[PDB]
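A.B. asks: The structure that follows is given in the form of structure tokens.
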Amino acid sequence: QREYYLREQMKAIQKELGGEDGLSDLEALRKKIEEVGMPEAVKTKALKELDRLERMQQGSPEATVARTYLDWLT
Amino acid sequence: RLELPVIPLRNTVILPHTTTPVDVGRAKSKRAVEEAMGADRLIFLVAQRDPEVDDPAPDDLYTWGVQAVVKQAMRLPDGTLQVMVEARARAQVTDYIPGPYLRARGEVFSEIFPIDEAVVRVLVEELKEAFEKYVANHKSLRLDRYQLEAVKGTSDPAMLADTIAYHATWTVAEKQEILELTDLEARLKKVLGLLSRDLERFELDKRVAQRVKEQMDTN
Amino acid sequence: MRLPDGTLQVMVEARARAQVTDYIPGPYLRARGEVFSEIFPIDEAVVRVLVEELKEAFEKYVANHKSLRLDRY
């Protein structure tokens with residue numbers, strides 16, 4: 001009781017110093033796709049590759065391939 | 001005048017109109033009490049931290065002290081002697097001649113004079129509502145039953161400064177870093193900022209209590 | 001009240017102003033004046049209204065000393 005009580009207090013204390021605010025690599029990558037360019041067929045292909053990448057857990061071998069393809073596109 | 005000794009303090013300061021028995025069971029401080037009784041009969045108390053053994057460290061001694069007078073000399077063998085005290089105001093031994101042992105020659109009174117009563121009225125209204133909102137928070141009534149219709153009837157600056165900070169339980173470092181400044185309203189703005197920190201603690205822990213109970217029923 | 005150390009205890013009060021029509025190379029410093037000149041404007045009521053406006057501005061300025069701490073006297 002004291003364990004999950006106190007650590008749920010800790011994780012609730014911890015959200016009052018810095019709001020996350022800054023977008024994660026993915027959200028930043030989506031706005032990077034949207035701002036510069038694009039031709040719209042390449043834009044929809046890039047958004048489909050991004051939505052394919054977002055479903056994945058980090059550390060996959062083909063996550064490296066999708067991330068490299070996207071930052072070569074952007 | 002003559003040789004005025006120095007008697008150290010506990011973590012608990014004595015202010016004007018504070019009736020509290022002093023615990024001098026210290027083996028190098030009773031001779032200082034005897035020198036003080038032969039030294040125009042007043043106890044010199046400068047702010048120290050907690051009771052330690054007979055070796056005065058020089059950094060707990062800072063620039064400000066309080067005055068205590070000797071009114072009841074009742075020989076109690078327990079080491080605690082109930083002394084009614086009275087400080088007219090707060091001052092210290094100023095100039096410091098090095099020991100050993102702890103004895104220094106200071107001189108004449110150091111104070112502030114009350115100017116600008118209008119800001120004193122605005123400040124006393126603010127601290128008025130500020131203490132009566134925080135008496136609704138916790139258990140610290142701390143007053144024996146002889147004041148049941150006269151708790152509202154004095155509006156002097158120094159006494160209210162040495163009651164609102166006094167009955168409030170703080171960390172002691174704050175409680176003795178309020179002492180060293182000797183201007184009118186800076187001390188009272190410090191009290192305002194510190195209990196503003198306090199009410200922010202109140203809103204902070206009630207807000208995270210709200211969020212943790214929604215976390216519990218959400219989970 | 002003259003102190004023989006280099007300090008003059010003096011309190012002066014002005015009455016009216018003049019002009020400068022002559023200069024003297026020091027030592028010693030000495031100057032010459034000229035006749036008095038001033039005009040008295042008519043319609044003093046609106047002038048007193050403007051005086052009351054500036055006094056109300058100064059009255060709000062007295063309670064607004066937040067950084068130099070001037071008394072309410």
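By order in the structure tokens, chains are A, B, ...; within a chain, residues start at 1; ligands start at 1, following the order shown.
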Within 10 Å of residue A:34, counting only C-alpha atoms, which residues qualify if same-chain residues fewer than 6 places away don't, as a ChimeraX atom specification?
C.D. replies: /A:28,43,46-47,74
A.B. asks: Next, the residues of the selection above should be written as a JSON list (two decimals), in the first residue's frame with N, CA, C and O atoms.
C.D. replies:
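Resulting contents of selection_20.json:
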```
[["chain", "number", "residue", "atom", "x", "y", "z"],
["A", 28, "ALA", "N", 7.35, 16.11, -34.30],
["A", 28, "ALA", "CA", 8.27, 17.02, -34.98],
["A", 28, "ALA", "C", 8.54, 16.56, -36.40],
["A", 28, "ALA", "O", 8.67, 17.40, -37.30],
["A", 43, "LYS", "N", 4.01, 13.49, -50.53],
["A", 43, "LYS", "CA", 3.56, 13.83, -49.19],
["A", 43, "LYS", "C", 2.69, 12.73, -48.58],
["A", 43, "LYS", "O", 2.87, 12.37, -47.41],
["A", 46, "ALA", "N", 4.92, 9.78, -47.78],
["A", 46, "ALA", "CA", 5.68, 10.03, -46.56],
["A", 46, "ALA", "C", 4.81, 9.93, -45.32],
["A", 46, "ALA", "O", 5.26, 9.42, -44.29],
["A", 47, "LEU", "N", 3.55, 10.38, -45.40],
["A", 47, "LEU", "CA", 2.64, 10.24, -44.26],
["A", 47, "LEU", "C", 2.28, 8.78, -44.01],
["A", 47, "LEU", "O", 2.12, 8.36, -42.86],
["A", 74, "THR", "N", 13.02, 14.02, -45.70],
["A", 74, "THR", "CA", 12.74, 15.36, -45.19],
["A", 74, "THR", "C", 13.91, 16.32, -45.41],
["A", 74, "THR", "O", 13.69, 17.51, -45.63]]
```
A.B. asks: Hey, which bits of chain B sit within 9 Å of chain C, and for each residue what's the closest pair of atoms and how far apart in Å (one decimal), counting only C-alpha atoms, rows by chain and increasing number, as a Markdown table?
C.D. replies:
```
| residue | atom | partner | partner_atom | distance |
| --- | --- | --- | --- | --- |
| B:115 | CA | C:71 | CA | 7.6 |
| B:116 | CA | C:71 | CA | 5.4 |
| B:117 | CA | C:72 | CA | 8.3 |
| B:118 | CA | C:72 | CA | 7.2 |
| B:119 | CA | C:72 | CA | 9.0 |
```
A.B. asks: Running DSSP on the backbone, which parts of chain A land in helix (DSSP H, G or I), as a PyMOL selection string?
C.D. replies: chain A and resi 2-16+25-35+40-54+61-73
A.B. asks: Suppose you want the space between atom CA of residue B:9 and atom CA of residue B:23; what is it in Å?
C.D. replies: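 Computing it gives 9.2 Å between the two atoms.
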A.B. asks: Within 7 Å of chain B, which residues of chain A show up? Give each one with its shortest atom-to-atom distance in Å (one decimal) and the two atoms involved, counting only C-alpha atoms, rows by chain then rising residue number, as a Markdown table.
C.D. replies:
```
| residue | atom | partner | partner_atom | distance |
| --- | --- | --- | --- | --- |
| A:8 | CA | B:212 | CA | 6.8 |
| A:9 | CA | B:212 | CA | 6.4 |
| A:12 | CA | B:208 | CA | 6.3 |
| A:13 | CA | B:208 | CA | 6.6 |
```
A.B. asks: Could you pull the residues within 12 Å of residue A:32, counting only C-alpha atoms, minus those fewer than 2 positions along the same chain, as a list in words?
C.D. replies: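 Using only C-alpha atoms, the neighbours found are residues 23, 24, 25, 26, 27, 28, 29, 30, 34, 35, 36, 37, 38, 43, 46, 47, 50, 70, 71, 73 and 74 of chain A.
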A.B. asks: In Å, with one decimal, what is the gap from atom CA of residue B:180 to atom CA of residue B:64?
C.D. replies: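 A separation of 5.5 Å between them.
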A.B. asks: I want to know what sits within 8 Å of stretch 191-203 of chain B, based on only C-alpha atoms, with residues of the same chain fewer than 4 positions away left out; could you give that as a list in words?
C.D. replies: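 In the requested format, the answer is residues 127, 130, 165, 187 and 207 of chain B.
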A.B. asks: How many Å lie between atom CA of residue B:147 and atom CA of residue B:22, rounded to one decimal?
C.D. replies: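 Between atom CA of residue B:147 and atom CA of residue B:22 the gap is 23.9 Å.
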A.B. asks: Between B:136, B:24, B:53, B:150, which is the closest to residue B:81 once you count only C-alpha atoms?
C.D. replies: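 The shortest atom-to-atom distance to residue B:81 comes from B:24.
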